[PDB]
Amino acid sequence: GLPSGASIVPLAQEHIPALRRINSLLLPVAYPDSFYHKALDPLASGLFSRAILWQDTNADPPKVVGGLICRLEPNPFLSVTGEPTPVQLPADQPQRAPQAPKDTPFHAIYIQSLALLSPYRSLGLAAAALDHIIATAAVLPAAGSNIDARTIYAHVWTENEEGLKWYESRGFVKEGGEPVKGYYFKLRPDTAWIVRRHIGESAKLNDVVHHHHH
């Protein structure tokens, strides 16, 4: 059950100014405006993105207190026949996503940003948003979608214990045996873990970790 006053909704244009402010406060990577425009494009990051809203009293319009911006991608953790596989991280492209097999039928949901203002923490709100995303992925095929989302993943800065703990508590695992070097352009250190959770028809693979990569 959500705490009184909270709601979770698909991310919409009216939420972007506030979510951008929240990200600016809580995430030490400055995103360009294009990042937020793409978050409104169902073909870019405008399908699985969610706003976390709060109303102090029933007289107040709900306000954005957090959110997840997400992007659909080809799945880089599975073979084209569904086996778990070590990730491929081309050495000349560390700032790029792990490389998925060509023409895979499987998808991943990539969490580009996750943030929640501190007064609203420890209430299960971000976990509820994640569960809403997972449930959306589960019902999309029955709605006629060609999306087959088998994994959710993110990059987590190696200094961000708050984030690492959340992802671990939500059932994600560190993949590849080491963080990605040179992932961030300006942050020091520039390293980020790839964390991933297999879901849906692949949920039974969630505990199959590869402690190396290609």
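In this text, residue numbers run from 1 along the sequence as written.
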Exercise. Would 158 to 166 or 42 to 50 have the larger average of its C-alpha temperature factors, as given in the entry?
Worked result: 42 to 50
For this session: Determine, for stretches 88 to 96 and 114 to 122, which one has the higher mean CA B-factor as deposited.
Result: 88 to 96
Exercise. Say you rank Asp103, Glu73, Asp131, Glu83 by Cα B-factor from the PDB entry; which sits at the top?
Worked result: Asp103
Exercise. Out of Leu140, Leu78, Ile109, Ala127, which shows the largest CA B-factor listed in the entry?
Worked result: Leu140
Seminar exercise, completed: Quick tally, chain-level thirds of C-alpha B-factors: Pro62 sits in the highest
For this session: Please rank the C-alpha B-factors of the chain's modelled residues and tell me whether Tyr31 sits in the lowest, middle or highest third.
Result: middle
Exercise. By the record's CA B-factor, is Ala12 among the lowest, middle or highest third of residues in the chain?
Worked result: highest
For this session: Sorting the chain's modelled residues by C-alpha B-factor, tell me whether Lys181 ends up in the lowest, middle or highest third.
Result: middle
Exercise. Which third of the chain holds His213 when residues are ordered by C-alpha B factor: lowest, middle or highest?
Worked result: middle
